[PDB]
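Protein chains in written order, with our numbering: chain A, 72 to 332; chain B, 2 to 988.
Report on the following structure.
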Ligand SMILES: Cc1nc2c3c(ccn2c1C)[C@@H](O)[C@H](O)[C@H](c1ccccc1)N3
Ligand SMILES: *[C@@H]1O[C@H](CO)[C@@H](O)[C@H](O)[C@H]1NC(C)=O
Ligand SMILES: *[C@@H]1O[C@H](CO)[C@@H](O)[C@H](O)[C@H]1NC(C)=O
Ligand SMILES: *[C@@H]1O[C@H](CO)[C@@H](O)[C@H](O)[C@H]1NC(C)=O
Ligand SMILES: [Mg+2]
Ligand SMILES: [Rb+]
Ligand SMILES: [Rb+]
Ligand SMILES: [Rb+]
């Protein structure tokens, strides 16, 4: 309505002054909040009792991962591979020069923070450990073959530990296609589909700047061609639980897979 | 046939028109056909009120059209969000139908509450079939009133309700009660002679609802049903369409404010939305999203419950209200236009003064016996009380020892029933005493002698002589007395007394009262021995030389609780105007008596009486009161009325028609007043309809007065109108208390969305939880405010100025959005930004993190530490950001309800616990919050999870900050009520 032109200034100055007094306490609250918070460890990590597990290559449709490709039509699978090549472009020996050969298999507790710029020590993981299915000797990860390779990868939680008993292994299996289909043949790389225990525990971007997650592949020989089938890849550890109905990726992956020819 | 021409026809002329006998009535066969042609002799009621259509209206109005418009926007947005395919659009469905639910459920609450209203009201009606004595084929017999047809021969007596519109043919002493149509409190004389051309002002017509008090007539039926003077008065009044209540207007100003912001708030953010870079469609969606965030879904319920509560507070006092908007109208009223007869007065002639023992005694004229009765200790009074008791033939109908004496119904004349309850109230058991003195002679009032007289054997047998007792017009008794009782002696009627009498008869004449003289004589036991055969035709006993007892005088007296009610209204700044169809003399009498015309104020017609200057030279500014009669008000205009109105503050309207009442109300309303008409009978229905709130009496009221009225007084206790101001003012305060509270919840509901689109942080607040706040957790607190005691002496305040003082004004809303709303949304963002950073997300990362955050195809997303979260995991974190932002709202809104307890006074001086409903609502508030979080499954049923107990307390520093900020603006507005602070920080 703009009744009193000059007194706006006073009420403008007032709101202006009012808001600035009010924005201050907010600033001075994150400022104190920022320094309540540890740069190393999550205060609560409340929503992560079990970790998530993703898969490559990731191709969704309506209602989740549906991977459908054609051995003969090199169009249907070239982009699934370039997904795997450029993903491992960060697992190359050259671009992982910042970490170290890890021999001690059972765990890794870096109590002392020893590496340049108050860093800590990250383990090496290069493409080689998925032997049949890196970029070389087969650039198409068994896709042109029709026995494709999928790599599985656990989400990291600072100071999360998956158990003492053994190595947590990926287990991928046919789901409800046994009537005439023999059970799924899968060769995992490294063998038995194991995750080596000396990548635990995770310490975070500040502690481990060049950290990289361990991988297991699954080369599926058995898969019937030109048949819609689903495949589930579950992880096995005592401190790991894979079935939450609100979160389907809590310890596993499902994917529709149709390999056409 | 027509109105003008029935009283002006000869018997030959009428009986030709209706093919009837003036002496032998209709035939039976024809009277039955006329009924087929004209239908019942009653009023066709207000026809057409379909039960499903009573319900529809409860869905329209200021808030409802807003809410519906909002629900529309929800669905257009939900659709546009399906073209550009969106998931979790269940929100827009959940949102729009929650809006369309509130509107609807309030319509039911309103409908059931008006249902309850009408049944309670039609529980107090009179449903007995009134009757007629008709003559047909030459048989006098009785029928129902309603079976009367035009042109019929009818008879009335004392006690008969006039069954139709009748044209008198012959009449014997027939006086009638017109107070329903006119204001006239004194019986009107009814004769067969055409008194006047206006059928209302003639005497040879009887009106379809009136009461024949005394006498007899025969006459012809000339109108029936809706075609009668009463039929016409209400068909007029229905024609009158009534304006919108002040409360209803206020609510709609409040909507022109809400939307006015929602549009201006929405449009700038949309224009900002385009520049951050957004498909026009999405920018125009967020425009939508936020105009709907400006609308409060729940407040249309809290308003309504608030009103119903004060509705019940009244009906507990027998004050029944037909709609809820009427619970406010009295508070905001400034002019009362009030009827005299039946509303201000009892419309019942009671004995009021008495000249005896050389003194004017004033009686008690109250129905509950609360006044000051007179001196009943004299031999003169005992004698006078004997004569007035013994010379009276009226009689209480049987079985009324329960009902109060004024309420008891008597067979007998006007003047005689007043004397009967008078004897019965003071002497006690009047008819019994009367029997102990057997009547041996009696003459009823005729013009042949112009008095009534009866001779009696006394009570003990040791007194074998007789008492003659006589009463009539005072002069006609004076010419027949030679003796006056005075002070235990029986003195001679010298000239001193023939002048004392005259000055008393006239002193009681100018008050507008009917005055009667009483007298007696003790006939000797020798001349008149037990058994003496008295004779009227040949006077064998004295009719002169009698002993004068005294004068008794009666008036139509105020209702007991009325003068105090007028005094309580006027002290509260309301103007009172009298509007009566009665003659100015008695009109001004009662207006003085009750408080319309203050003790010691004059008309120009009174100045000229003592100033002895012609009324023309008398000055107009000097006269405070003014009586304008109906004739005089005709030759005036809307300009000579307003100058009369704003000159004379104590205005009185005599001889005013049903329409002139409408006119007065209109001038006032057109001068910007909220008027209240307070009426009984049909002469008030029009006025009662045009009125901002029309108030009819529940017992003396007629059906048209009741039907036009918004509010009914079932005890007929005019003092309900005083408590109806204070209730109607309080809840108008308790509304801006309650709305100011519910408005500040919109800005901490909106900013998270405004931020969530403007800088793309993960969504901090979901509108399933906004629904929970607006409709589940904050309702009870907002209705608590309905129970706030006044913060001042409300009933000594002027009525609110409708132009300056609005329910919701710009400073009140701006105060809530921009200063209280601003501080709440800050207590969300912190508690949100910590819950993020505590769980892993640093604030500067939460910037622009939304696109990846909400992504279903990124199962692995890493936080500021670098842990990789999946979608449903950070969904749970976002749901937590909901539940954290939600209990940041409630912790302020405990500090918000306490602050909106009191607009000006410190909650320290008032108290934190005065309001007991408010405490129970805050314990209710903080219990739902707990149940929503820690009950199992709430994370999936709704968006509510078990919250870290550190996060409850994060906001509380902000709740106290609010308390202290309004406190210091409430402490600095009362201690320092200057100019700067009074306007900018106040509501
Ligand atoms: C104040 C507020 N509004 C919303 C909101 C959503 C989520 C949270 N919201 C909050 C906290 C979405 O479901 C929708 O975009 C929704 C919407 C509603 C009407 C018109 C257009 C969009 N608006
Ligand atoms: C891992 O092996 C040696 C240690 O035995 C290490 O120095 C070297 O960097 C790694 N091997 C190669 C081929 O680089
Ligand atoms: C992996 O490759 C080696 C040699 O290239 C071969 O012996 C082995 O059978 C391969 N695995 C599968 C599953 O074919
Ligand atoms: C796979 O691709 C080849 C080459 O385009 C095509 O001819 C063949 O029919 C495809 N198979 C199916 C099942 O569509
Ligand atoms: Mg009246
Ligand atoms: Rb809202
Ligand atoms: Rb008295
Ligand atoms: Rb009305």
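C-beta: ideal position from N, C-alpha, C; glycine also.
- DSSP places residue 951 (chain B) in the uninterrupted alpha helix (DSSP H) bounded by 951-954.
- For the stretch 74-88 of chain A, residues whose beta-carbon sits nearer than 9 angstroms to a beta-carbon of chain B comprise 78, 81, 82, 85 and 86.
- In this structure, the CA atom of residue 170 (chain B) is about 41 angstroms from the CA atom of residue 642 (chain B).
- Residues of chain A with a Cβ closer than 8 angstroms to the Cβ of residue 949 (chain B) are, in chain order, 115 and 117.
- Rounded to the nearest whole angstrom, the CA to CA distance from residue 218 (chain A) to residue 258 (chain A) is 10 angstroms.
- Excluding sequence positions up to five before and after residue 368 (chain B), its CB lies within less than 6 angstroms of the CB of 407 and 561, all in the same chain and listed in chain order.
- By the neighbour-count criterion, in which a residue is buried when 16 or more other Cβ atoms sit within 10 angstroms of its Cβ, residue 842 (chain B) is buried.
- Residues lining ligand 4 by the Cβ criterion, that is a Cβ closer than 7 angstroms to any of its heavy atoms, are A:141, A:143, A:144, A:297, A:331 and A:332 in chain order.
- Residues of the stretch 185-202 of chain A with a C-beta atom less than 9 angstroms from some C-beta of chain B do not occur.
- By the criterion of at least three beta-carbon pairs nearer than 8 angstroms, the stretch 222-238 of chain B is not in contact with the stretch 184-196 of chain B.
- Linking residue 361 (chain B) to residue 571 (chain B) through their CA atoms gives a straight-line distance of about 31 angstroms.
- In the DSSP assignment, residue 362 (chain B) falls within the beta strand (DSSP E) that extends over 361-363.
- When distances are taken from the beta-carbon of residue 297 (chain B) to the heavy atoms of ligand 6, the shortest one is below 6 angstroms.
- Shown here, residue 93 (chain A) sits in a helix according to DSSP, grouped into three states.
- Between residue 339 (chain B) and residue 579 (chain B), the CB-CB gap stays under 7 angstroms.
- Distances taken from the Cβ of residue 695 (chain B) to the heavy atoms of ligand 5 include none shorter than 6 angstroms.
- About 26 angstroms separates the Cβ atoms of residue 232 (chain A) and residue 244 (chain A), ruling out a contact at the 8 angstroms cut-off.
- The beta carbon of residue 860 (chain B) falls within 7 angstroms of a beta carbon belonging to chain A, placing the residue at that interface.
- Listed along the chain, the chain B residues whose CB falls inside 9 angstroms of the CB of residue 318 (chain A) are 871, 872, 873, 874, 876 and 877.
- Under the DSSP definition of a beta bridge, residue 455 (chain B) partners with B:443 and B:470.
- Under the DSSP definition of a beta bridge, residue 221 (chain B) partners with B:154 and B:168.
- Annotated three-state conformation of residue 842 (chain B) is coil, per DSSP.
- Two segments are said to touch when three or more pairs of C-beta atoms, one from each, lie closer than 8 angstroms; by this definition the stretch 940-951 of chain B touches the stretch 876-885 of chain B.
- Proximity of the beta carbon of residue 423 (chain B) to ligand 7 is not indicated: no heavy atom of the ligand is located closer than 6 angstroms.
- Among the residues of chain A, those whose CB is under 7 angstroms from the CB of residue 819 (chain B) are 86, following chain order.
- Under the rule that a run must span 3 or more residues, the beta strand (DSSP E) segments found entirely inside the stretch 664-728 of chain B read 676-680, 694-698 and 712-714.
- Ranked by how close their Cα comes to the Cα of residue 121 (chain A), the residues A:140, A:173 and A:227 have A:227 in first place.
- The shortest CA-to-CA distance from residue 269 (chain A) to any of A:239, A:260, A:293 and A:157 is the one to A:239.
- By the CB criterion at 7 angstroms, residue 287 (chain B) and residue 758 (chain B) fall inside the cutoff.
- Annotation for residue 375 (chain B) indicates a beta carbon within 6 angstroms of some heavy atom of ligand 7.
- Proximity of the beta carbon of residue 717 (chain B) to ligand 8 is not indicated: no heavy atom of the ligand is located closer than 6 angstroms.
- Contact annotation: residue 293 (chain B) and residue 122 (chain B) have beta-carbon atoms that are not nearer than 7 angstroms.
- With contacts defined by Cβ atoms closer than 7 angstroms, residue 910 (chain B) and residue 778 (chain B) do not form a contacting pair.
- Interface annotation for the stretch 224-241 of chain A against chain B: 224, 226, 227, 228 and 229, criterion Cβ-Cβ distance under 8 angstroms.
- Apart from sequence neighbours up to five positions away, the residues of its chain that approach residue 7 (chain B) with a beta-carbon distance below 6 angstroms are 168 and 223, ordered along the chain.
- Against chain B, a Cβ distance below 8 angstroms from residue 123 (chain A) picks out 860, 861, 869, 870, 871 and 874.
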